[PDB]
Amino acid sequence: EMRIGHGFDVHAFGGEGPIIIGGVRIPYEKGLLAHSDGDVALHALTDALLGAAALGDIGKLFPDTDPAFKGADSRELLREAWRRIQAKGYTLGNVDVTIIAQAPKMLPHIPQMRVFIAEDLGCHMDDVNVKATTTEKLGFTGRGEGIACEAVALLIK
Amino acid sequence: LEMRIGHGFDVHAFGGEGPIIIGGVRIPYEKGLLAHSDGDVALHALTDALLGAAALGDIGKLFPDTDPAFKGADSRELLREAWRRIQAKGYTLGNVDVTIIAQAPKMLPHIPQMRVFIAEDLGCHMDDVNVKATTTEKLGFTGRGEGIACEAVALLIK
Amino acid sequence: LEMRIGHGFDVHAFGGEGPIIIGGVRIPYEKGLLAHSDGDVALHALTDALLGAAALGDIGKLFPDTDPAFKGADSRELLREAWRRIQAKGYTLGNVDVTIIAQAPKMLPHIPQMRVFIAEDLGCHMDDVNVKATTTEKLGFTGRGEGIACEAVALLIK
Ligand SMILES: Nc1ccn([C@@H]2O[C@H](COP(=O)(O)O)[C@@H](O)[C@H]2O)c(=O)n1
Ligand SMILES: Nc1ccn([C@@H]2O[C@H](COP(=O)(O)O)[C@@H](O)[C@H]2O)c(=O)n1
Ligand SMILES: Nc1ccn([C@@H]2O[C@H](COP(=O)(O)O)[C@@H](O)[C@H]2O)c(=O)n1
Ligand SMILES: CC(C)=CCC/C(C)=C/COP(=O)(O)OP(=O)(O)O
Ligand SMILES: C[C@@]1(CO)OP(=O)(O)OP(=O)(O)OC[C@H]1O
Ligand SMILES: C[C@@]1(CO)OP(=O)(O)OP(=O)(O)OC[C@H]1O
Ligand SMILES: C[C@@]1(CO)OP(=O)(O)OP(=O)(O)OC[C@H]1O
Ligand SMILES: [Mn+2]
Ligand SMILES: [Zn+2]
Ligand SMILES: [Zn+2]
Ligand SMILES: [Zn+2]
């Protein structure tokens, strides 16, 4: 059996940098407003993984209303989601993540992001892709109001 | 033997009175959605993903804005009919995953019923259907309460 | 038997004179698309989907906006070079599905020609390439006619 999933997330800028994306602290004039650590990339990825396993989404598994997850390490959440996916008999095919942001520059950090995500999913780095694109000053990402991220995931068996 | 991927995306603007129909579910809201059909963004994006996997183009290439026969149409009927044409070509369902993007109303209490509706229209197990929701934290047209967007991916098997 | 999924997304802003180039096709329009290369949002998003599935990064990494060698670049050359690298890694094409998000110009008449170009660029049959277009009902930056967005998913086989 092969199964696909798709995730999508958005956080607004606010407060002071740095931002955490893909598990990586990236310097920036602004921070990301969030109940958790604000990791848009890892939230979208988790949604894509949960989606492929028909387990719902981060909001189902870890509510924005529970004080246990305030300030939470989004990597913990990723690892918890992954344990529950594996408990259902799933194994990783591949993941592909798309960070949508006018700034900061993401490319320097992508290698460490992939290190983190490969480790969290107990897979090879070769099964994890991350990329970035701007929207050329258009939309809320273009105007510097926030960052969006998508992910797809392919699961096996 | 063969596996195929599809992607769909759809947007409707709010307008007039509630309720809204999303994933076939009547959801109470102070506003409705503007559409030629019933406005089911979630089912429109799903349909587009299924047709795209089967390389049959899209929902426009089957049910045009022009035709007055599709006015107020049950998007489930469109879904079932696109599904018939996809099956006519040899494909069976792998799985589908749908992402509703909206600031409001809350979608989560309605997701189980949406999945029941979609699993039936596609003749599959409910375990092959996933629906989720996310806000854009007040950002963009969805964040400002102007509309709702939905995305879907589908895997088909031949 | 190994299959891999990829996703790409891109946006370009309108500006300067038409025509625009989308999916390889010169499309008459009142404004152009501002880019470093020729501005083909569709092929960029598609290239990213393919590169993503192969875990080769993205177009910005492969073809930096800083390098003058890519000024005015034919996006189809970028697509074919990315594809060559993916194939060197042992991948063959499952299928692709592309969604153009634009208020105008009208994409439908041009889609057959886009599919021919993409099919040629990937050494595949047209059956394995789906392209569709949709609007966001006058919402957001595409709805206001500010630019054009494109998403793509891809399935690769090793
Ligand atoms: N319109 C919406 C948007 C999100 N939700 C749910 O609430 C949770 C929190 O929303 P966000 O992920 O957008 O911060 C989501 O995970 C989703 O399950 C909802 O029920 N209705
Ligand atoms: N830029 C666009 C947008 C939509 N369209 C067509 O309009 C149909 C319906 O899309 P919308 O009603 O969301 O605009 C699609 O099937 C597509 O063929 C187009 O040809 N060019
Ligand atoms: N926030 C961003 C946006 C884009 N990028 C990178 O810059 C390059 C070009 O981005 P654009 O597609 O928006 O022109 C890509 O390589 C992308 O990986 C980045 O490193 N950080
Ligand atoms: C998920 C996808 C494919 C989104 C692109 C669709 C779109 C037109 C967004 C508008 O930008 P916006 O949300 O920033 O609206 P605005 O520019 O009016 O703030
Ligand atoms: C991830 C969760 C978990 O507290 O927190 P946020 O940081 O608000 O992130 P988002 O994906 O916007 O909402 C889902 C929440 O469940
Ligand atoms: C469902 C159809 C047909 O009435 O129209 P709407 O419901 O308005 O949705 P839209 O995204 O404008 O186009 C898709 C059409 O197939
Ligand atoms: C395609 C490249 C080539 O210089 O430039 P642009 O044509 O500006 O397109 P975009 O996707 O915005 O940037 C990525 C670059 O690789
Ligand atoms: Mn998407
Ligand atoms: Zn989040
Ligand atoms: Zn629609
Ligand atoms: Zn581009």
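A note on names: the letters A, B, ... follow the listed sequences, proteins ahead of strands, and every chain is numbered from 1.
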Worksheet item: So do A/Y28 and A/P104 actually touch side chain to side chain, heavy atoms under 4.5 Å?
Response: yes
Worksheet item: CD of B/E2 to OH of B/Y91: how many Å apart, nearest 0.5 Å?
Response: 5.5 Å
Worksheet item: Nearest heavy-atom pair of B/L62 and B/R85: which atoms, and what distance?
Response: CG-NH1, 3.5 Å
Discussion item. Minimum heavy-atom separation for A/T135 and C/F9, please, with both atom names.
Written reply: CG2-CE2, 4.2 Å
Fill in: Spacing of B/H110 atom NE2 and B/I20 atom CD1 [to the nearest 0.5 Å]
8.5 Å
Worksheet entry | Heavy-atom donor-acceptor pair, B/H12 side chain to B/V41 backbone, under 3.5 Å | no
Discussion item. Quick one: does any side-chain atom of C/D40 pair with a main-chain N or O of C/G24 as donor and acceptor, under 3.5 Å?
Written reply: yes
Worksheet item: If you take all heavy atoms of B/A49 and B/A152, which pair is closest and at what distance?
Response: CB-O, 3.6 Å
Discussion item. Please check: side-chain N/O of B/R115 versus main-chain N/O of B/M126, any donor-acceptor pairing under 3.5 Å?
Written reply: yes
Worksheet item: Taking the side chain as C-beta and beyond, is there a heavy-atom pair between C/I118 and C/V131 under 4.5 Å?
Response: yes
Practice prompt. Could you tell me the separation between the CG atom of B/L46 and the OG1 atom of B/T99, rounded to the nearest 0.5 Å?
Written response: 11.0 Å
Worksheet, complete the sentence: Output for pair (B/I22 CD1, B/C150 SG), nearest 0.5 Å, gives 7.5 Å
Worksheet entry | Donor-acceptor contact present, side-chain B/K61 to main-chain C/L108, <3.5 Å | no
Discussion item. Would B/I148 and B/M107 count as a side chain to side chain contact (heavy atoms under 4.5 Å, CB included) here? Give the steps.
Written reply: CA-CA 11 Å; B/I148 294 178; B/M107 299 285 177; 3.9 Å; yes
Fill in: Derivation and outcome, side chain to side chain contact (heavy atoms under 4.5 Å, CB included), residues B/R76 and B/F117
CA-CA 8 Å; B/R76 286 184 68 196; B/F117 283 154; 3.4 Å; yes
Worksheet item: Can you find a pair of side-chain heavy atoms, one from C/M3 and one from B/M3, that are under 4.5 Å apart?
Response: yes
Worksheet item: Is there a side chain to side chain contact (heavy atoms under 4.5 Å, CB included) between C/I100 and C/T134 once you walk through the steps?
Response: CA-CA 6 Å; C/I100 300 161; C/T134 187; over 6 Å; no
Fill in: Heavy-atom pair of closest approach, residues A/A81 and A/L50
CB-CD2, 3.9 Å
Discussion item. Please verify the inter-ring angle class for A/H6 with B/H7; under 30° counts as parallel, over 60° as perpendicular, anything in between as tilted.
Written reply: tilted
Fill in: Main-chain N/O of B/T142 paired to B/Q103 side chain as donor or acceptor, under 3.5 Å
no
Item to complete: Could you tell me whether a side-chain N or O of A/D47 sits under 3.5 Å from a main-chain N or O of A/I58, the two making a donor and an acceptor?
Response: yes
Discussion item. For a quick check under 3.5 Å, do B/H44 and B/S37 share a side-chain donor-acceptor pair by atom type?
Written reply: yes
Worksheet item: Is there a donor-acceptor pair under 3.5 Å between the side chain of B/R80 and the backbone N or O of B/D121?
Response: no
Worksheet item: Do the side chains of A/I156 and A/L92 get nearer than 4.5 Å, heavy atoms only?
Response: no
Discussion item. Check whether B/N95 reaches the backbone of A/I4 with its side chain - one donor and one acceptor, N or O, closer than 3.5 Å.
Written reply: yes
Discussion item. Determine whether B/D128 and B/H125 satisfy the following criterion, side chain to side chain contact (heavy atoms under 4.5 Å, CB included), listing intermediate values before the conclusion.
Written reply: CA-CA 6 Å; B/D128 292 343; B/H125 312 275; 4.0 Å; yes
Worksheet item: So do the side chains of A/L121 and A/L49 get within less than 4.5 Å of each other, counting heavy atoms only?
Response: yes
Worksheet item: Does NZ in B/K106 sit with more than 12 non-hydrogen atoms of other residues, nucleotides or ligands closer than 6.0 Å?
Response: no
Practice prompt. Nearest 0.5 Å please: distance from the CG atom of B/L34 over to the CG atom of C/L139.
Written response: 9.5 Å
Discussion item. Is there a side-chain contact between B/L56 and B/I86 in this structure, where contact means two heavy atoms from C-beta onward sitting under 4.5 Å apart?
Written reply: yes
Discussion item. Any side-chain to backbone donor/acceptor pair from A/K131 onto A/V97? Under 3.5 Å, distance only.
Written reply: yes
Practice prompt. Determine yes or no for a side-chain-to-main-chain donor-acceptor pair under 3.5 angstrom, with C/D38 supplying the side chain and C/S75 the backbone.
Written response: yes
Worksheet item: If every non-hydrogen atom of A/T46 is compared with every non-hydrogen atom of A/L77, which pair is closest and at what distance?
Response: CG2-O, 4.4 Å
Item to complete: Kindly give the heavy-atom pair with the smallest separation between B/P68 and B/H36, and that separation in Å.
Response: CA-NE2, 4.3 Å
Worksheet item: Taking the inter-plane angle between the rings of B/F70 and B/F63 on a 0 to 90° scale, is it parallel (under 30°), tilted (30 to 60°) or perpendicular (over 60°)?
Response: perpendicular
Discussion item. Do A/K137 and A/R143 have side chains that approach each other closer than 4.5 Å (heavy atoms only, starting at C-beta)?
Written reply: no
Worksheet entry | Worked verdict on A/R3 versus B/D127 for salt bridge (charged side-chain N to carboxylate O under 4.0 Å, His left out) | CA-CA 11 Å; A/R3 292 182 62 110; B/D127 199 84; 3.8 Å; yes
Worksheet item: More than 12 non-hydrogen atoms from neighbouring residues, nucleotides or ligands closer than 6.0 Å to CZ on C/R26, yes or no?
Response: no
Worksheet item: Distance from B/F141 atom CZ to C/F141 atom CZ, nearest 0.5 Å?
Response: 9.0 Å
